[PDB]
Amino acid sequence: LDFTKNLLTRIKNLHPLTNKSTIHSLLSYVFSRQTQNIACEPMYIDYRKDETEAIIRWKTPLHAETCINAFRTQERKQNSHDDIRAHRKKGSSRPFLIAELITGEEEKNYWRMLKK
């Protein structure tokens, strides 16, 4: 069926005990350092407690691209469940936060499942 392409980013290596509020703040903190031209508008955050992944539905494709560029440029690691600035700490076992654009069949299935 029908959807706006290229809105979705998977965020990987979140702290497993975080929440949507913290994810929103972290994305806005990181996005701020990539651009001042447009506001951070993660319209929906799909996140289940005790997972290490979220799916973000951005307002526009340019917001999604901005997020991907931010995490590609910036080394970030979420230290604790409520860490928003996510500075990498020397000797930390935490992995680097990663943002990937969801495409192809994975993208179609997101919109199919949302509409089920």
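Numbering starts at 1 and runs along the sequence shown.
- The deposited model assigns a higher average Cα B-factor to 101-109 than to the other stretch when 18-26 and 101-109 are compared.
- Higher mean CA temperature factor, per the PDB entry, when comparing 77-85 with 35-43: 35-43.
- Placement of the Cα temperature factor of residue 7 within the chain: middle third of the modelled residues, per the deposited record.
- Sorting the modelled residues of the chain by their CA temperature factor places residue 49 in the highest third.
- Sort the chain's modelled residues by C-alpha temperature factor and residue 90 lands in the highest third, per the entry.
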